[PDB]
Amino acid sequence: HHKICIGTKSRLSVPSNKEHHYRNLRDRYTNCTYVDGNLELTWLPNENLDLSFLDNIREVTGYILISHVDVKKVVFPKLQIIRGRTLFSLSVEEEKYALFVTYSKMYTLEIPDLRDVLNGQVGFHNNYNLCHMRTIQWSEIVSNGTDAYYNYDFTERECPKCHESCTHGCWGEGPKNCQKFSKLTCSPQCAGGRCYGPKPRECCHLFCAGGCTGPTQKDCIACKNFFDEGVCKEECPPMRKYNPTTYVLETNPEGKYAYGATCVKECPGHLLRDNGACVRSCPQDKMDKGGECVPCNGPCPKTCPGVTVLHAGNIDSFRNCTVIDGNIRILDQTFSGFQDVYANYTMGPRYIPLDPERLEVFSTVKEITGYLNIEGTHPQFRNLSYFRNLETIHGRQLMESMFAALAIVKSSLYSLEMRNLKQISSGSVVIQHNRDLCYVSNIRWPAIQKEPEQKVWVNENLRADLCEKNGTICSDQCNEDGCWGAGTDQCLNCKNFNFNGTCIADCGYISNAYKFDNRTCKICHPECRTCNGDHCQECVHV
């Protein structure tokens, strides 16, 4: 089977709860065959952790980083290809690494099926117990490298021989762990490339990546160019063919989209469709339609980059943004005065505390492509009416924990007030530990969530009974879907009648009372003061 993971880019971050970190890693990689990004295998103190969530990973597009891993036996039993499209280093001066194993206590690291590292280097740095790596002939695997990089200091067990049957080095004990060869055992005429046997003629294709199962093209393990239901192509079958006689772009029933070095019938949901390609953002002159990048009309909607943490120093950059291309994180430090730390742990600028009032800058925001994360605490930070015009959170990017698209945790909020929020396209709702927050438990989140597989974790906010005793419940004019707050304009869906954007029992409860259907009103024209449509009761002028 084939299944896609989004990789991570946390580099050397230390998780607080190492147990949730485990859960996160597990939830992320289980049954995944293909990592879009970097596989970061980090901080697993227990020696006997079961890492079988790694069991189906076949290819990684970025780098593999193994840091602070003390599980005795760490095996990647099906990993074949590390592409190294993005690489890892401790610093600017260090080598760029596709495989980096560092500060880990594992006794073995087994990748018996590993074939090829397409780009970057292999490094081992201060792993006290790791065995066999020097028996591995690395120029067999590393495409642009001689050997692995080793480093040991700070003060070394004797180490077992490879299995009887190995012709050369191994990744560990038993015959399954003997290094195989598909590049060094080949003859020339192969000009250094891979092959499925010793003799000439049988040198894979040229397009092949990681080697091959037979003669050519349809027989590759993976591809140096585009990969298409099994065959390597120089390009994906375009979505339309140009007929040079007729001057027509005829649509192609076998056309496909380029997603990375992959040809695909539809772009994965975390990317948009631009021409024949799956892309991360629309270009400057385009906008997002139905998941498709398309020329605009008037001015294009003012769209702004997200920031990694909101604070006094960067909040004004969202002035007039309609769409935010990225995430929004409002944290404690947002309010208390955010402090730049740099890698070398040299203190950067520090910004003044943020006055929640300034959050009003978001009132023009209609879309967030990433996620929205709220964690801060402030006396005057009591709701999300700042986002009263936000109508969709795409979640094309999710949080490290629980695949969250909306996470509200340990905040000082009393109500949401996000009256326009209609879709959370992807990912989950986490709303926990907000000591004064009501409403969230009576909101039917699946209503606004697009998929059934999307999840809801909403608890340990304000106890149901203690909201009810303050009247901080829904207006009796909301249906059972709940509300963002006590307002009549705060319902998800309306029980009786909806008018103007507010919610009424009658439709007759007001001067103008023209009914448009089962549930709806509308104003009685400029001229009527009272009507039901051309004609009415208490008239006006011209």
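Quick note: we count residues from 1 along the sequence shown, nothing fancier.
- In the deposited entry, the stretch joining residue 533 to residue 534 is interrupted by 1 to 3 residues of the deposited sequence lacking coordinates.
- According to the record, the deposited sequence contains 1 to 3 residues between residue 155 and residue 156 that were left without coordinates.
- Stretches 510-518 and 30-38 differ in mean C-alpha B factor, with the higher average recorded for 510-518.
- Just going by the entry, 226-234 versus 357-365 on mean CA temperature factor gives the higher value to 226-234.
- Set against one another, the Cα B-factors of 498, 490, 52, 48 in the record reach their highest point at 498.
- When the Cα B-factors of 253, 471, 349, 395 are read from the PDB record, 253 comes out highest.
- In this PDB entry, residue 455 carries a Cα temperature factor that places it within the lowest third of its chain's modelled residues.
- Ranked within its chain, residue 371 lands in the lowest third, by CA B factor from the PDB record.
- In this PDB entry, the Cα temperature factor of residue 180 sits in the middle third of its chain's modelled residues.
- When the CA B factors of the chain's modelled residues are split into thirds, the value for residue 88 lands in the middle one.
- Looking at the C-alpha B-factors along this chain, the one for residue 486 belongs to the lowest third.
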